[PDB]
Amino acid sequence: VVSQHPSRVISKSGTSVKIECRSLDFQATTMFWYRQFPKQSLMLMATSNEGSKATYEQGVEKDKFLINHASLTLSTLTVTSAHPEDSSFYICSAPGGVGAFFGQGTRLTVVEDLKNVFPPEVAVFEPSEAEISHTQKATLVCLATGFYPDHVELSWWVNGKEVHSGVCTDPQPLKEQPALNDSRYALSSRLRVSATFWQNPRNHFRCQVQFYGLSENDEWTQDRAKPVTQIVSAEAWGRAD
């Protein structure tokens, strides 16, 4: 298997960002580096080679992206002078098998300032009485808004246990301002239960939103709470009326 380090990284502009590609339980004399911008294709950037110079694809600046074959099991990609335009998904591969062994990728977020990082605001909306009357079913709606970067995981928890039945979630987050480069994101999900279960005041519904943010080591000067990796939830109790 090919393992990449780190899986995620939020970096300040102008820093040197190192991404590693390691072949586990096998040796690779060649490693490929791909880049994927959101809703776009994976594009080959460069080819790392043991005992020789790295090969670069057309339009890839050798000065901005340093490729190095550190050992027979390691290839590194260094984003020198990181810029917010460098924010992308970087995935490596090594030959072997029917396909190629792919790393799990690196979600690189480059921010001008760590204060551009925002956790989600999370709200829950109760089932409509009109839906209960028409279908004898009750849908809760969870909205997670104003988060940046666009990486969140939404789950539903009923009486303290995770549920999957009746759960339906947006394919991807929605760009709040599609025309703005500094747009924040939103994501919605639904949980449908029977109206009988919803109308029990003893039942507890909670929408949980995991957000990947700043590390413990990262600097924070704002009055608002440091937007570290965290869980943001919204909840509701069943309603007899």
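Residue indices: 1-based, along the sequence shown.
Here 227 to 235 and 6 to 14 are compared by their mean Cα B-factor, and 6 to 14 comes out higher. Looking at mean Cα B-factors across 44 to 52 and 61 to 69, the upper value is held by 61 to 69. Set against one another, the Cα B-factors of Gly160, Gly96, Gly105, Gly166 in the record reach their highest point at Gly96. Between the residues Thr145, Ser88, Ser81, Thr139, it is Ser81 that shows the highest Cα B-factor in the PDB record. Split the chain's modelled residues into thirds by C-alpha temperature factor. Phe211 is in the lowest one. In this PDB entry, the Cα temperature factor of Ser188 sits in the bottom third of its chain's modelled residues, the lowest group. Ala100: CA B factor lies in the highest third for its chain, per the PDB record. The PDB entry assigns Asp150 a C-alpha temperature factor belonging to the middle third of its chain's modelled residues.
In the PDB entry, a CA B factor belonging to the lowest third of its chain's modelled residues is recorded for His204.
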